[PDB]
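> For now just these chains, pulled out of the complex without moving them:
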Amino acid sequence: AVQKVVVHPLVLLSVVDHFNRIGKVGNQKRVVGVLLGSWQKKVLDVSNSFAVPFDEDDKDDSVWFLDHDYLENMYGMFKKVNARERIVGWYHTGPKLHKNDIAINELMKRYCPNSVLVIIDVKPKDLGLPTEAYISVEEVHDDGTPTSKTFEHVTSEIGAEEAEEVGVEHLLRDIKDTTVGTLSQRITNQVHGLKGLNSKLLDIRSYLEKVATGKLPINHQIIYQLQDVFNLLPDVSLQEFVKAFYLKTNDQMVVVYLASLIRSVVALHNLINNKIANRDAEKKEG
Amino acid sequence: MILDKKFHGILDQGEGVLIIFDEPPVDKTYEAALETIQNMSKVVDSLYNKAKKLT
């Protein structure tokens, strides 16, 4: 139904506010904020949000505390100031999906429409994207297991509208822009193998742990498509792709003649001015 | 009509074989070679300025 979402950095900055207004208690749970956004277009667009006092129990996961009156009052006053945005979904800032989150989700599946869930991180030490849109849908399973609410990842992008760019860019003065050429290309080309390395190494090690030490339907079926597509690249023999390397290598030779020739043209004013300025300022110096 | 290049082909007398092929990327070596020839007068006229200014 929905292919992608758009989450503005304002709400994650309000998750910085989630970690601001704590007051140092010793709890630091997955504090839930009431996500607001635009379900109106087929794409989901988050503008802003707020948060609600939410408590679980230490031992019991299934005890969870929300408010309808706080939702209708904060959403009521927010709709009074801006009715162009409505309720859409929610989020917890914990790294882990609890068992209770189907029931916590179910309250906003009832009163709000089909609500989206966002897992983000309490400490932004993850190099990966912190935000993951998990659609709250029940899907029919091939094994015959009974149908339950299933959180499939909807792909996400983090974009800012107009002024959030200006304010963020004014606050940083540290980030550099697009800046094609040597640096912004070559830095992605520096850390890029580390970026698939920590992804893959972060996945296949504990994945391999859940191979031998795991049960309880880990989606054993998607391992077959998984390993299948992984064996759709069986270390290509390159024999047809040799001429492709002649092609990129011949384009490389074009970059050779352009670099050599054009830099050699830049040598002109250099190797004129080096003589004609120095010897004339010298010969009229005395 | 191969000699007037109305289409792609080349014949044979021993074997009687026809082969049909084409060369689409014509505009690479053109702009490359003309960039070389136009840079020739840059370097040579530079050497006329420098051969002027030294000796």
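Good, I have the coordinates. Numbers count the residues shown, from 1 in each chain, chains lettered A, B, ... in the order given.
> From now on I want contacts and neighbour counts done on CA atoms only, so please keep to that.
Will do.
> Tell me the spacing between whichever residue of the stretch 51-200 of chain A sits closest to chain B and residue A:263.
Relative to chain B, the nearest point of the stretch 51-200 of chain A is residue A:181 (22.1 Å; CA to the nearest CA). Computed as CA to CA, to the nearest Å, the residue A:181 to residue A:263 distance reads 16 Å.
> Compare neighbour counts for those two and give me the winner.
With neighbours defined as other CA atoms under 10 Å in any protein chain shown, residue A:181 and residue A:263 compare such that residue A:263 has more, 11 against 8.
> quick revisit: please state the backbone phi and psi of the residue of the stretch 51-200 of chain A closest to chain B?
Residue A:181 adopts backbone torsions of phi 130, psi -140, taken as degrees, to the nearest 10.
> where along chain B do the helices fall?
Remark: helices assigned in chain B by DSSP state H are B:27-54.
> Could you list the contact residues of it toward chain A?
Contacts of chain B with chain A, taken as CA under 8 Å from any CA of the partner chain, map to B:32, B:36, B:39, B:42, B:43, B:46, B:49, B:50, B:53.
> For the last one, which residues are in contact?
Put plainly, it is residue B:53. residue A:276 (CA atoms under 8 Å, 6 or more residues apart in numbering or on different chains).
> same deal with the second one?
With contacts defined as CA under 8 Å, 6+ apart, residue B:36 is in contact with residue A:261.
> before we move on, what about residue A:248?
Neighbours of residue A:248 in contact, by CA under 8 Å, 6+ apart: none.
> host element of it?
helix A:242-276 (DSSP states H and E).
> List the residues that contact residue B:11.
B:17, B:18, B:19.
> Skipping adjacent residues, who's closest to the first one in space?
Right, the one you point to is residue B:17. Excluding its sequence neighbours, the residue lying closest to residue B:17 (CA to CA, 6 or more residues apart in numbering or on different chains) is residue B:11, at 6.0 Å.
> May I have the phi/psi pair for that neighbour?
Phi and psi for residue B:11, reported as degrees, to the nearest 10, are phi -90, psi -170.
> how near is it to residue B:26?
Distance from residue B:11 to residue B:26, by CA to CA: 24 Å.
> same check, this time on residue A:260
22 Å.
> out of these two, which sits in the busier spot?
More crowded of residue A:260 and residue B:26, by other CA under 10 Å: residue A:260, with 12 against 8.
> attach chain C to the model above:
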Amino acid sequence: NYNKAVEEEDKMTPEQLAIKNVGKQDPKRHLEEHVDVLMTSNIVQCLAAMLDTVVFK
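To build on what is shown above, here is chain C added in:
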């Protein structure tokens, strides 16, 4: 085409430099643009090794 299209302008320049050499009248520099053209042209070189890494593993 922009390179050669400037090279037809720099074809005429060594006569001017072969006459006057005193004072500069053109705000057009012809150099740093072509440096930028080379920087955009080096994306081929930088991504060729990227292709080498993907082809490797």
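> what do you get for the contacts of residue A:248 once chain C is counted?
C:44, C:48.
> could you measure it against residue C:35, distance?
From residue A:248 to residue C:35 the distance is 22 Å (CA to CA).
> Check the burial of residue A:252 by counting its neighbours.
Neighbour count of residue A:252, defined by other CA under 10 Å: 19.
> let me redo that: residue A:71
16.
> tell me which residues in the helix or strand harbouring it are buried?
For residue A:71, the host element (DSSP H and E) is helix A:69-81. Neighbour counts over helix A:69-81 (16 or more other CA atoms under 10 Å in any protein chain shown) mark A:71, A:74, A:75, A:78 as buried.
> and the next element down the chain from that helix?
Moving toward the C-terminus from helix A:69-81, the next helix or strand (DSSP H and E) is strand A:86-92.
> Tell me who's in contact with the closest residue to residue A:2 other than its chain neighbours.
Once flanking residues are discounted, residue A:2 sits nearest to residue A:42: 5.7 Å by CA to CA, 6+ apart. By CA under 8 Å, 6+ apart, the residues touching residue A:42 are A:1, A:2, A:3.
> can you check residue A:245 too?
Residue A:245 neighbours (CA under 8 Å, 6+ apart): none.
> does the residue of chain C found nearest chain B sit in a helix or strand, and which one?
Chain B sits closest to residue C:4 of chain C, with a gap of 5.8 Å, by CA to the nearest CA. Assigned by DSSP H and E, residue C:4 falls within helix C:2-10.
> rewinding a little: name the nearest residue to the residue of chain C closest to chain B, ignoring sequence neighbours.
Nearest non-adjacent residue to residue C:4, counting by CA to CA, 6+ apart: residue B:35, 5.8 Å away.
> how many neighbours does the one you found have?
Residue B:35, neighbours per other CA under 10 Å, totals 21.
> Helices of chain C, start to end?
With helices called from DSSP H, chain C shows them at C:2-10, C:13-16, C:32-41, C:43-56.
> mind checking how far the shortest one is from the chain centre?
The one in question is helix C:13-16. Mean C-alpha position of helix C:13-16 versus that of the full chain (CA atoms, centre = their mean, to the nearest Å) differs by 19 Å.
> Pull out the buried positions in stretch A:246-259.
Residues of stretch A:246-259 classed as buried by neighbour count (16+ other CA under 10 Å): A:248, A:251, A:252, A:254, A:255, A:256, A:257, A:258, A:259.
> let's bring in chain D now:
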Amino acid sequence: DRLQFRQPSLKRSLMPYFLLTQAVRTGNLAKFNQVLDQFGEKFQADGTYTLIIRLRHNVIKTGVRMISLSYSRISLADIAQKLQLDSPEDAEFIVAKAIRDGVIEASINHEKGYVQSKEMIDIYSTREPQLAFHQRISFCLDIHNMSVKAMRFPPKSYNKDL
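Time to bring in chain D:
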């Protein structure tokens, strides 16, 4: 020869050398052997006849290198008579002396006694090109880019005084 440079000093320099350096390619043994020493005055008075005495039996090697630039099969009358060399043994023998060079490409075959060669002078165009002008790219870019160093540092030698 002297092709692109016109000055009448090298011209008079090769004015003795011209008949013999044109006598290189056709490579006629008994005639040109007389031709060298015949008007040999200053090039054979230049000392000790060394590389011309290597030339005197380099004649048939450069001529048979022109045979390598010609067709494959070696006849016993046509091209053996044409190389002034009339025997079955010395034909394959001295052709084989061109084979032990490695400068050529040839296929030593005896089916009926005739000697073949594949004589493939096919260039690397669609024959391992990446590995071929691989080294051309590396060396050429090193020369062009050390020339880029040679247009970096002398402007440092310009702006040094000021």
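> Could you re-examine the neighbour count of residue A:252 with chain D now present?
Residue A:252: 20 surrounding residues under other CA under 10 Å.
> show me the contacts for it.
C:44, C:45, C:48.
> quick revisit: which strands and helices lie in contact with the helix holding residue C:4?
Under the contact criterion of 3 or more CA pairs under 8 Å, 6 or more residues apart in numbering or on different chains; DSSP states H and E, helix C:2-10 touches helix B:27-54.
> Kindly recompute the last result at 10 Å.
Secondary-structure packing of helix C:2-10 (3 or more CA pairs under 10 Å, 6 or more residues apart in numbering or on different chains; DSSP states H and E): helix A:242-276, helix B:27-54, helix C:32-41.
> and residue A:137, which of those helices is closest to it?
Closest to residue A:137 of the helices and strands packed on helix C:2-10 is helix A:242-276 (CA to CA; 44.6 Å).
> The closest one to helix C:2-10, inter-axis angle?
With axes from the mean of the first three to the mean of the last three CA atoms, to 10 degrees as the basis, helix A:242-276 and helix C:2-10 are set at 30 degrees to each other.
> Tell me which helix or strand comes right after helix A:242-276.
Immediately after helix A:242-276, counting by DSSP H and E, sits helix A:278-283.
> near chain A, which residues of chain D?
Selection of chain D residues close to chain A by CA under 10 Å from any CA of the partner chain yields D:125-131, D:133-134, D:136-138, D:140-141, D:143-145, D:147-148, D:150-152, D:154-162.
> of those residues, buried ones?
Buried residues within the residues of chain D next to chain A, counting neighbours by 16+ other CA under 10 Å: D:129-130, D:133, D:137, D:140-141, D:144-145, D:147-148, D:151, D:154-155, D:158.
> Go through the residues you listed and say which is closest to residue A:238.
Using CA to CA, these come closest to residue A:238 at residue D:130, 12.7 Å.
> show me what contacts residue A:242?
Residues near residue A:242 by CA atoms under 10 Å, 6 or more residues apart in numbering or on different chains: D:126, D:128, D:129, D:130.
> Those in helices, which ones?
Counting by DSSP H, the part of these found in helices is D:129, D:130.
> Using CSV, please lay out the contacts of residue A:242 together with distance to chain C.
What follows is these, written out as CSV (distance: CA to the nearest CA, whole Å):
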residue, distance to chain C
D:126, 20
D:128, 17
D:129, 16
D:130, 13
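> Could you pull out the helices in chain A for me?
Taking DSSP H as the criterion, chain A carries its helices at A:9-18, A:69-81, A:101-110, A:163-172, A:183-212, A:222-230, A:242-276, A:278-283.
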